[PDB]
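Engineer: Sending over a structure as structure tokens; questions will come in a sec.
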Amino acid sequence: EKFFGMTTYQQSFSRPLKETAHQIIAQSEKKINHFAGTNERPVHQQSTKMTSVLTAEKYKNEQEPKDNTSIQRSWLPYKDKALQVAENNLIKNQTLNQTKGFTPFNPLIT
Amino acid sequence: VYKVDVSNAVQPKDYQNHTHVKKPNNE
Amino acid sequence: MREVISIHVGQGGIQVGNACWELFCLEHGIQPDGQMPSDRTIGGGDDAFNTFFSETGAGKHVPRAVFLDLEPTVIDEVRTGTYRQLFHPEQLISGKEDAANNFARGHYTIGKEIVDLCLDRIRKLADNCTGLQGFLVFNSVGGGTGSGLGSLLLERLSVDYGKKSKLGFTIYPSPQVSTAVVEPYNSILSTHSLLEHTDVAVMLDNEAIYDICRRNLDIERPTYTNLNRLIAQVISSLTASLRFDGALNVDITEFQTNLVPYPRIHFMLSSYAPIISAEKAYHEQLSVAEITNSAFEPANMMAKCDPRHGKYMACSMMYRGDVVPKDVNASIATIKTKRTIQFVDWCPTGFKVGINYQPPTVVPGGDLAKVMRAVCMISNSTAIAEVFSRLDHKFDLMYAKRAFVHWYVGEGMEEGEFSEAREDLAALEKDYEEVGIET
Amino acid sequence: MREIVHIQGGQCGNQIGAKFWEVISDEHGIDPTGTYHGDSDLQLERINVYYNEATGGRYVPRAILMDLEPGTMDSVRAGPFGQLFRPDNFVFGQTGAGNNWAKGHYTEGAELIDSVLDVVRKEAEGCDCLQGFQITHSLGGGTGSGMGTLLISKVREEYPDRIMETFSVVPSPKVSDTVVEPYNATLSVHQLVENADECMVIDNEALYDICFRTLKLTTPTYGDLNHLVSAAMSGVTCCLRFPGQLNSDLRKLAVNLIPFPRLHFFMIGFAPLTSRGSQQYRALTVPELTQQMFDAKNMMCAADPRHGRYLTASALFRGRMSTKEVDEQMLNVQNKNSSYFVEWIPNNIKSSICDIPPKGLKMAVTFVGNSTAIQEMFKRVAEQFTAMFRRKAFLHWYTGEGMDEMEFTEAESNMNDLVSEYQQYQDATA
Amino acid sequence: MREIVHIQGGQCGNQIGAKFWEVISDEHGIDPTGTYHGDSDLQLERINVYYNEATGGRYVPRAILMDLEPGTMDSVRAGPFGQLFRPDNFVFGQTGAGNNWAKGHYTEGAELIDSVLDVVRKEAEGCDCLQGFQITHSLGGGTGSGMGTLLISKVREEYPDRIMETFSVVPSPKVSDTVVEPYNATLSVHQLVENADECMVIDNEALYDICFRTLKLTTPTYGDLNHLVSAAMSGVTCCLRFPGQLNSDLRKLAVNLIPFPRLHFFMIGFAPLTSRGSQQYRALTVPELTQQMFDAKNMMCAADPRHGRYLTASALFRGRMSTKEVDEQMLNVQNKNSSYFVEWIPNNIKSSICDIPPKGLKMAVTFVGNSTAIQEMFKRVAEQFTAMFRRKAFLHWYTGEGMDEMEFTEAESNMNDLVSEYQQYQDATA
Amino acid sequence: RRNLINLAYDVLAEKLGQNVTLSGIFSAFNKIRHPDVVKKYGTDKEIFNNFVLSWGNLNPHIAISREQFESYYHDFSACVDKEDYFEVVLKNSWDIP
Ligand SMILES: Nc1nc2c(ncn2[C@@H]2O[C@H](COP(=O)(O)OP(=O)(O)OP(=O)(O)O)[C@@H](O)[C@H]2O)c(=O)[nH]1
Ligand SMILES: Nc1nc2c(ncn2[C@@H]2O[C@H](COP(=O)(O)OP(=O)(O)O)[C@@H](O)[C@H]2O)c(=O)[nH]1
Ligand SMILES: Nc1nc2c(ncn2[C@@H]2O[C@H](COP(=O)(O)OP(=O)(O)O)[C@@H](O)[C@H]2O)c(=O)[nH]1
Ligand SMILES: [Mg+2]
């Protein structure tokens with residue numbers, strides 16, 4: 001003589017099972033001065049999520065030489081000025097983020 | 001004979017913990 | 001700037017959209033409450049979420065989705081579920097009475113009072129859109145409200161917007177394993193409707209995905225959630241190019257210029273690889289050649305149809321992860337070398353490749369394992385006429401004695417609809433047979 | 001919100017109604033006083049389907065109690081759970097029917113039916129989105145088989161679009177409890193085919209043999225038969241009341257089970273059923289459920305389903321299970337028994353799934369079947385009718401209330417026509 | 001490059017293979033979880049011979065496990081070092097052969113071998129440049145004796161130019177565990193001599209004698225016997241996996257050891273072997289290593305070298321040592337035992353020097369000898385075979401699954417021909 | 001019941017080292033398996049929420065000892081009458097082998 005009562009949706013994703021007494025009171029204090037509406041995206045910011053810091057290729061550097069790029073692109077008669085510039089840019093961006101403080105879950109966001 | 005021999009021979013015990021076989025320096 | 005509009009009509013459409021929106025939220029890092037967990041600032045010079053989500057300005061984002069159904073069950077259960085604060089309250093359109101497996105009910109009597117409200121919602125949702133790319137519609141064809149509302153919405157959209165592309169992810173009935181009995185009728189009628197008004201259609205029957213789940217994941221107790229997760233993975237792999245960088249970016253417009261030789265031929269079937277569990281992933285090579293060969297392995301298709309019975313017209317495979325053009329080309333060359341895959345004579349080059357650097361995301365508690373490489377394939381072939389032939393056989397075998405026709409005619413449907421649908425199916429099969437010949 | 005009203009009449013109908021309301025209240029967690037004392041929230045969002053709403057914190061069932069004599073209503077109100085039904089919903093005469101279809105349908109029924117039509121119209125207008133009606137009564141008796149079908153005709157005239165279920169306890173001659181059963185049985189069957197959209201016949205002999213053979217109890221009363229019928233009744237509308245993976249309502253069942261307008265006679269069953277000694281020694285799996293599902297001796301009717309061929313069938317599974325096994329089992333039972341399923345229709349079994357099993361059970365399934373084997377009952381009733389009517393036995397009681405032999409002849413002709421047109425599909429090949 | 005794949009069948013073969021993989025993993029510094037943690041460069045220098053590299057940087061052996069019974073399969077899966085193997089490579093039947101060669105070679109083997117041949121083809125086409133195959137099985141057990149030899153036939157049919165190695169444990173008379181053992185032993189030999197390029201024979205009684213006398217262990221077990229066999233097996237491919245002064249591979253060994261096409265049955269042995277008590281009293285030198293090598297009591301076989309004459313012999317030396325010492329020792333022993341060596345081939349000893357000794361020892365020796373004394377085992381087996389076959393005992397099991405007595409007669413005739421032609425060269429003189 | 005409770009602490013103690021706190025116990029609690037989660041009676045969120053509320057108003061940073069640990073589960077054993085149900089909770093929650 002049980003009821004069970006756990007539908008497939010609830011087993012799949014979740015069931016909230018929350019909302020104590022003080023939680024609702026605490027959450028209402030968030031919108032004491034919260035206002036509906038928005039401004040516009042200031043343009044020149046809408047783009048795709050960039051991953052590589054190079055062009056036309058995925059900049060990957062690891063200990064294994066077959067996927068280090070710099071080890072692979074050393075056949076040139078000289079030292080290419082794209083890899084060193086990218087590394088210096090990464091270090092400079094790291095330092096600039098440390099000066100401000102962002103820790104944005106990865107260095108690539110900022 | 002059955003009741004006194006087989007039916008009441010075993011107790012709740014003898015079932016509690018049942019485990020069988022599982023699958024120089026010198027120098 | 002680039003975004004799509006997703007339409008989810010019918011129980012199957014809603015239950016697929018639920019999983020795909022879960023996947024999108026997890027992929028973009030949006031919490032189920034809709035709020036990003038901060039730590040995504042620094043002037044944030046990229047709206048990777050703009051394709052699927054639109055920000056309200058301070059915190060949360062709302063999906064570009066609309067939900068339709070005439071029974072309130074799934075809609076209210078989503079409203080009361082854990083995603084209650086995500087969706088917009090007035091874009092979960094719900095009805096009052098079920099359509100009850102009746103195309104006439106879904107298309108002539110009770111769909112009229114809902115289609116106007118749905119069109120108003122779509123217009124409102126598209127006005128604030130600025131770079132509209134197309135429509136993505138999910139529905140079930142062997143169902144009353146599904147087929148009826150899908151047909152009505154496609155017909156009204158094709159005249160209210162016109163040249164805008166729309167992509168259809170339908171679910172035709174499986175060859176033998178099926179639920180309903182009167183499903184051939186409204187399946188035929190919905191095929192009749194979608195033939196002229198759907199730009200690209202994808203077949204997503206259930207027996208093939210059951211076979212895939214049993215053979216690959218070694219799962220003997222599958223349900224609809226697993227199939228929905230696979231379909232969500234397919235959709236995400238298809239639309240990753242609109243929101244992530246890659247060596248070869250393929251937009252939504254390089255389908256109706258790349259996979260459709262003729263206006264009447266736009267039906268295709270999909271595939272996906274790799275599909276492995278969380279225990280055997282570490283013992284596998286999982287190379288580009290291996291995953292591409294798994295894609296072309298005939299039993300791995302997402303529709304119950306044998307490609308060996310027909311030729312290939314045009315294939316487009318989208319690689320994501322850390323693939324390389326050199327080994328992509330090498331694998332394609334090996335495919336062309338192997339005899340068992342036959343193309344059509346008038347198509348000497350038959351591949352389009354798209355590459356993306358984003359590795360696939362993995363939902364917690366799922367069946368798929370964490371992988372670094374994946375490929376999703378959409379192939380147009382002449383072997384798809386078999387499903388139409390068997391559906392036609394199932395239709396006319398019971399239509400010979402006018403079974404279940406009073407149910408359809410008592411709601412206002414004229415009897416000639418069945419005849420004209422049959423003739424148009426016969427014409428479509430004739431066109432496929434004529435195209436499949438050599439020259 | 002697709003809510004349905006309940007009408008019960010006659011002694012048997014009143015007993016089935018009382019047991020059904022007890023089962024529904026127990027399942028939803030409703031006290032006999034009408035107060036909710038459940039645990040989960042799933043039991044309240046769909047409470048309005050079967051229960052109206054009243055001030056004071058209590059729910060009232062939307063049922064109409066109707067008869068020509070107050071004895072059975074006295075009994076049901078005196079018994080437990082008798083406080084739920086509204087005192088305004090009791091409609092009764094002062095004379096009785098006396099096993100006379102003419103008395104129940106022409107003289108007293110006509111003058112009494114106004115009040116019950118008024119209360120039914122009141123409830124129907126009170127409910128917002130009506131879904132249909134469900135009737136429980138008996139055909140071998142007077143007051144039910146007459147005035148209930150008169151009310152059926154009136155309600156079908158008033159509400160043409162709504163659906164109408166019916167749970168008729170047709171009489172089996174093996175256990176005969178009246179000498180004039182064939183007459184009013186044929187008269188009621190002749191009137192049911194024009195109006196009732198779904199009919200689900202029941203046999204007391206079938207119930208008795210099920211309880212003796214499966215449940216294995218020596219002295220069964222009417223209570224356990226009523227409980228079995230109530231379980232079958234409540235299994236039909238599970239998906240309309242609880243969430244599931246494949247929702248299916250009454251109109252879906254009708255449109256998926258009725259090929260032709262005059263073939264709306266079904267035969268039902270329930271599973272799992274087991275004796276009390278073997279309660280814990282049997283495994284609850286989809287294969288076992290579907291194996292007991294198609295057993296001929298598990299049916300609620302005396303007709304043998306292996307003497308004919310199924311046209312269509314429907315399965316309403318309950319509990320958390322796998323759609324793959326459900327569909328594979330359906331395909332397997334359709335293939336291994338291809339002889340017993342008519343060939344000119346493919347995939348003549350419908351599967352539906354609900355996520356909430358009954359209290360105390362893990363999974364359960366209800367089978368509703370449209371089979372050619374139901375014609376034996378009509379054939380035997382028509383044979384008895386002809387044998388008794390050849391000599392005009394007991395005919396003066398019927399004809400003394402304005403009833404003429406022409407209607408008897410027409411009813412016999414209609415029943416014979418139904419049998420002929422219903423059995424002519426058994427050998428039909430496309 | 002020049003890598004080899006490993007396939008094992010039967011219970012004894014599976015145990016041998018499991019201990020061999022443990023030994024190889026320990027020598028190459030691979031942990032049971034498949035991660036590399038070696039201490040020297042030469043450990044990883046040539047790891048491609050026996051292992052495959054998957055995603056994530058872990059190593060999996062290219063071993064294919066075949067059987068008809070899942071018991072030993074589950075045991076080896078749950079045992080130590082059971083996580084290295086790829087789960088897909090496990091292929092097994094569900095019935096078993098019941099120590100019946102006919103059952104393992106005609107009824108279930110023919111229907112099961114398709115999948116294992118598919119996976120073998122997958123591995124062979126995946127490897128860069130195949131060197132050969134090595135197989136571990138027994139000639140007493142029905143399933144191994146039948147399915148292994150059928151798979152040898154198929155593999156030789158599909159890959160003609162490669163090398164095939166078999167480490168087979170032949171029946172012993174004093175230590176017997178099966179009553180139908182001579183039958184399937186002779187049946188296995190008949191098919192093996194036709195296709196196998198090399199064959200290596202081991203005896204349980206010989207292992208017991210070695211471990212009891214040379215090792216002085218009170219309670220030996222299958223773990224110890226498998227360890228001995230595994231060390232002797234890895235001694236062969238030591239020189240292929242490690243550098244040396246005179247490197248030699250499997251083809252080199254075959255050419256230098258096989259004079260005539262059908263005389264390819266060898267006996268092996270390992271040195272040094274000393275007890276724990278006498279561990280510190282010994283001095284490891286080439287003379288004493290060669291003395292223990294040529295000692296008859298160190299052979300892995302019950303055949304006595306003094307009952308025959310050596311055709312050719314090979315000695316693979318591991319460790320840093322001078323070549324002149326080895327050459328002088330070989331010449332000295334060949335001159336001292338000239339009566340025991342065949343005289344129409346001069347310098348019938350081949351020596352190879354490798355610079356990497358086994359882990360824990362400064363020096364080690366592996367010996368492979370082709371001598372005329374091996375005919376005794378076939379003589380005893382054929383004697384038992386004809387003694388049982390003259391009465392047709394136990395023959396109905398083999399005759400009821402497709403075979404007949406003509407196959408047995410042909411196998412006996414082929415074994416006798418092998419014995420006679422192998423004895424001919426013993427007394428053949430120049 | 002006492003030695004089973006005592007044995008449960010030791011495996012918890014060796015995992016958390018010298019000291020044990022409420023936060024450490026909460027982290028080490030195995031919500032995934034439980035006796036009832038496998039039967040799908042309730043979700044993981046109920047069990048963890050019930051556990052922290054049952055552990056009182058104590059601050060997560062405070063450290064408890066063996067006597068405090070035994071006293072808390074003395075109540076759990078007191079209310080639980082099924083000896084098999086009590087055994088399965090301890091072994092599954094704290095990974096008792
Ligand atoms: N693969 C898959 N198929 C589904 C799912 N949900 C519904 N379907 C399909 O939908 C078909 C029947 O249509 P339904 O979705 O149940 O109902 P409907 O399309 O809303 O139409 P109505 O019955 O009138 O409400 C079934 O045969 C299923 O194959 C799902 O979640 N996954
Ligand atoms: N299952 C069940 N059947 C009943 C019950 N009471 C009466 N019956 C059946 O009803 C038949 C008599 O019908 P009756 O009540 O006289 O009809 P009425 O006079 O029109 O109300 C008998 O054959 C009984 O088998 C009951 O409580 N349960
Ligand atoms: N050296 C060794 N020999 C074994 C082992 N297990 C079984 N054997 C031998 O194998 C013979 C029986 O072979 P059997 O197991 O029936 O082979 P199968 O039928 O192919 O599995 C016996 O005579 C044993 O001496 C083992 O672990 N090590
Ligand atoms: Mg629906």
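By convention here, the chains of the structure tokens are called A, B, ... in the order presented, each chain's residues are numbered starting at 1, and ligands are numbered starting at 1 in the order presented.
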Would you pick out the contacts of residue 326 in chain E at 10 Å or less, using only C-alpha atoms, so that residues sharing its chain but fewer than 6 positions from it are not included, and give the list as JSON, numbers by chain?
Structural biologist: {"E": [286, 287, 290, 315, 317, 332, 351, 352, 353]}
Engineer: Residues contacting ligand 3 - anything with an atom at most 7 Å away, using only C-alpha atoms and all ligand atoms - can you give me those as a list in words?
Structural biologist: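 Using only C-alpha atoms and all ligand atoms, I find these residues within 7 Å of ligand 3: residues 9, 10, 11, 12, 15, 16, 99, 137, 138, 140, 141, 142, 143, 144, 145, 171, 176, 177, 178, 204, 222, 223, 225 and 226 of chain E.
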Engineer: Which one is closest to chain C: D:85, D:242, D:36, D:21? Count only C-alpha atoms.
Structural biologist: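 Looking only at the distances to chain C, the closest residue turns out to be D:242.
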Engineer: Per DSSP on the backbone, filter chain A down to the residues in alpha helix (DSSP H) and report them as JSON, numbers by chain.
Structural biologist: {"A": [8, 9, 10, 11, 12, 21, 22, 23, 24, 25, 26, 27, 28, 83, 84, 85, 86, 87, 88, 89, 90, 91, 92, 93, 94, 95, 96, 97, 98, 99, 100]}
Engineer: Could I get the residues of chain D with an atom no further than 9 Å from an atom of ligand 4, each paired with its nearest atom pair and that distance in Å to one decimal, using only C-alpha atoms and all ligand atoms, sorted by chain and residue number, as JSON lines?
Structural biologist:
```
{"residue": "D:246", "atom": "CA", "partner": "ligand 4", "partner_atom_place_in_ligand_line": "1 (Mg)", "distance": 8.1}
{"residue": "D:247", "atom": "CA", "partner": "ligand 4", "partner_atom_place_in_ligand_line": "1 (Mg)", "distance": 6.9}
{"residue": "D:248", "atom": "CA", "partner": "ligand 4", "partner_atom_place_in_ligand_line": "1 (Mg)", "distance": 8.1}
```
Engineer: Write the residues of the preceding selection, restricted to N, CA, C and O atoms, as a short mmCIF file (atom, residue, chain, number, x, y, z; two decimals), in the first residue's frame.
Structural biologist:
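Generated output (again_29.cif):
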```cif
data_model
loop_
_atom_site.label_atom_id
_atom_site.label_comp_id
_atom_site.auth_asym_id
_atom_site.auth_seq_id
_atom_site.Cartn_x
_atom_site.Cartn_y
_atom_site.Cartn_z
N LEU D 246 2.75 8.32 -23.04
CA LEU D 246 1.82 8.25 -24.17
C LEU D 246 0.41 8.42 -23.61
O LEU D 246 -0.24 7.45 -23.22
N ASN D 247 -0.06 9.67 -23.57
CA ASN D 247 -1.39 9.96 -23.05
C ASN D 247 -2.45 9.54 -24.06
O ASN D 247 -2.29 9.67 -25.27
N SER D 248 -3.57 9.03 -23.53
CA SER D 248 -4.66 8.54 -24.37
C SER D 248 -5.97 8.72 -23.62
O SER D 248 -6.09 8.27 -22.47
#
```
Engineer: Kindly provide, as a PDB file with C-alpha atoms, in the first residue's frame, the residues of chain F having any atom no farther than 12 Å from an atom of chain D, counting only C-alpha atoms.
Structural biologist:
```
ATOM      1  CA  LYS F  39      14.597   2.072  -5.247  1.00  0.00           C
ATOM      2  CA  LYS F  40      13.657   5.555  -6.563  1.00  0.00           C
ATOM      3  CA  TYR F  41      11.598   6.398  -3.475  1.00  0.00           C
ATOM      4  CA  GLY F  42      13.127   9.876  -3.323  1.00  0.00           C
TER       5      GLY F  42
END
```
Engineer: Determine, counting only C-alpha atoms, which protein, DNA and RNA residues have an atom within 9 Å of an atom of range 68-85 of chain F; residues of the same chain fewer than 6 positions away are not included. Present the result as a PyMOL selection string.
Structural biologist: chain F and resi 1-2+5-6+9+35+55
Engineer: Based on the selection just made, write N, CA, C and O atoms of those residues as a compact mmCIF listing (two decimals), in the first residue's frame.
Structural biologist:
```txt
# COMPACT_ATOMS: atom_id res chain seq x y z
N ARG F 1 24.98 -3.26 17.17
CA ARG F 1 24.82 -1.98 16.47
C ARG F 1 25.94 -1.02 16.82
O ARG F 1 26.30 -0.16 16.01
N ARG F 2 26.51 -1.13 18.02
CA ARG F 2 27.52 -0.18 18.46
C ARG F 2 28.80 -0.31 17.65
O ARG F 2 29.35 0.69 17.17
N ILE F 5 28.42 1.07 14.15
CA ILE F 5 28.54 2.52 14.18
C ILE F 5 29.99 2.93 14.40
O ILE F 5 30.50 3.85 13.75
N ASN F 6 30.67 2.26 15.33
CA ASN F 6 32.07 2.57 15.60
C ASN F 6 32.95 2.30 14.38
O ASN F 6 33.84 3.09 14.06
N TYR F 9 32.76 5.08 11.76
CA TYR F 9 33.56 6.27 12.04
C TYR F 9 35.00 6.10 11.57
O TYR F 9 35.59 7.03 11.02
N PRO F 35 20.17 3.59 0.63
CA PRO F 35 19.24 2.46 0.53
C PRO F 35 18.00 2.74 -0.32
O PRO F 35 17.50 1.83 -0.99
N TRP F 55 20.95 17.03 11.22
CA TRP F 55 22.18 17.25 11.98
C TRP F 55 22.13 18.50 12.86
O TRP F 55 23.18 18.89 13.39
```
Engineer: Leaving out range 385-402 of chain E and any residue of its chain fewer than 2 positions from it, which residues lie within 7 Å of it when counting only C-alpha atoms, given as a list in words?
Structural biologist: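 Counting only the stated atoms, we get residues 102, 103, 182, 183, 381, 382, 383 and 404 of chain E.
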Engineer: Please return as a VMD selection string: the residues of range 176-321 of chain D that backbone DSSP assigns to strand (DSSP E).
Structural biologist: chain D and resid 199 to 202 265 to 271 310 to 318
Engineer: Give me the residues within 10 Å of residue 237 in chain E as a list in words, counting only C-alpha atoms and dropping any in the same chain fewer than 2 places off.
Structural biologist: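 So the residues in contact are residues 4, 49, 232, 233, 234, 235, 239, 240, 241, 242, 248, 249, 250 and 316 of chain E.
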Engineer: Name the residues in contact with residue 1 in chain D at a cut-off of 8 Å, using only C-alpha atoms, excluding same-chain residues fewer than 2 positions from it; report them as a list in words.
Structural biologist: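 Within the cut-off, the hits are residues 96 and 97 of chain C; 3, 48, 49, 128, 129 and 130 of chain D.
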Engineer: Pull C-alpha atoms from the residues just selected and write them as a CSV table (one decimal), in the first residue's frame.
Structural biologist:
```
chain,number,residue,atom,x,y,z
C,96,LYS,CA,-8.3,22.5,-23.8
C,97,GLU,CA,-9.2,19.2,-25.6
D,3,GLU,CA,-13.9,16.1,-16.7
D,48,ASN,CA,-11.4,18.0,-10.7
D,49,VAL,CA,-11.9,15.2,-13.2
D,128,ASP,CA,-16.5,23.9,-18.0
D,129,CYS,CA,-15.0,21.5,-20.6
D,130,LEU,CA,-17.1,18.4,-20.6
```
Engineer: Show me, as an MDAnalysis selection string, the residues that have an atom within 12 Å of residue 25 in chain F when counting only C-alpha atoms, minus same-chain residues fewer than 6 positions from it.
Structural biologist: chainID F and resid 8:9 11:13 15:17 19 31 48 51:52 55 60:65 69 93:94
Engineer: Give one line per residue of range 124-170 of chain C that approaches range 197-205 of chain C to at most 12 Å, naming the two atoms of the closest pair and their distance in Å to one decimal, counting only C-alpha atoms; sort by chain then ascending residue number and deliver it as JSON lines.
Structural biologist:
```
{"residue": "C:134", "atom": "CA", "partner": "C:199", "partner_atom": "CA", "distance": 10.4}
{"residue": "C:135", "atom": "CA", "partner": "C:199", "partner_atom": "CA", "distance": 10.1}
{"residue": "C:136", "atom": "CA", "partner": "C:200", "partner_atom": "CA", "distance": 10.1}
{"residue": "C:137", "atom": "CA", "partner": "C:198", "partner_atom": "CA", "distance": 9.7}
{"residue": "C:138", "atom": "CA", "partner": "C:202", "partner_atom": "CA", "distance": 10.0}
{"residue": "C:139", "atom": "CA", "partner": "C:204", "partner_atom": "CA", "distance": 10.4}
{"residue": "C:140", "atom": "CA", "partner": "C:204", "partner_atom": "CA", "distance": 9.6}
{"residue": "C:141", "atom": "CA", "partner": "C:205", "partner_atom": "CA", "distance": 10.2}
{"residue": "C:142", "atom": "CA", "partner": "C:205", "partner_atom": "CA", "distance": 10.6}
{"residue": "C:150", "atom": "CA", "partner": "C:198", "partner_atom": "CA", "distance": 10.5}
{"residue": "C:151", "atom": "CA", "partner": "C:197", "partner_atom": "CA", "distance": 8.6}
{"residue": "C:152", "atom": "CA", "partner": "C:197", "partner_atom": "CA", "distance": 10.4}
{"residue": "C:153", "atom": "CA", "partner": "C:197", "partner_atom": "CA", "distance": 10.0}
{"residue": "C:154", "atom": "CA", "partner": "C:197", "partner_atom": "CA", "distance": 6.2}
{"residue": "C:155", "atom": "CA", "partner": "C:197", "partner_atom": "CA", "distance": 6.7}
{"residue": "C:156", "atom": "CA", "partner": "C:197", "partner_atom": "CA", "distance": 9.8}
{"residue": "C:157", "atom": "CA", "partner": "C:197", "partner_atom": "CA", "distance": 9.0}
{"residue": "C:158", "atom": "CA", "partner": "C:197", "partner_atom": "CA", "distance": 6.6}
{"residue": "C:159", "atom": "CA", "partner": "C:197", "partner_atom": "CA", "distance": 9.9}
{"residue": "C:161", "atom": "CA", "partner": "C:197", "partner_atom": "CA", "distance": 12.0}
{"residue": "C:162", "atom": "CA", "partner": "C:197", "partner_atom": "CA", "distance": 9.7}
{"residue": "C:163", "atom": "CA", "partner": "C:199", "partner_atom": "CA", "distance": 10.1}
{"residue": "C:164", "atom": "CA", "partner": "C:199", "partner_atom": "CA", "distance": 9.6}
{"residue": "C:165", "atom": "CA", "partner": "C:199", "partner_atom": "CA", "distance": 6.5}
{"residue": "C:166", "atom": "CA", "partner": "C:199", "partner_atom": "CA", "distance": 5.8}
{"residue": "C:167", "atom": "CA", "partner": "C:200", "partner_atom": "CA", "distance": 5.1}
{"residue": "C:168", "atom": "CA", "partner": "C:201", "partner_atom": "CA", "distance": 4.6}
{"residue": "C:169", "atom": "CA", "partner": "C:202", "partner_atom": "CA", "distance": 5.0}
{"residue": "C:170", "atom": "CA", "partner": "C:203", "partner_atom": "CA", "distance": 5.9}
```
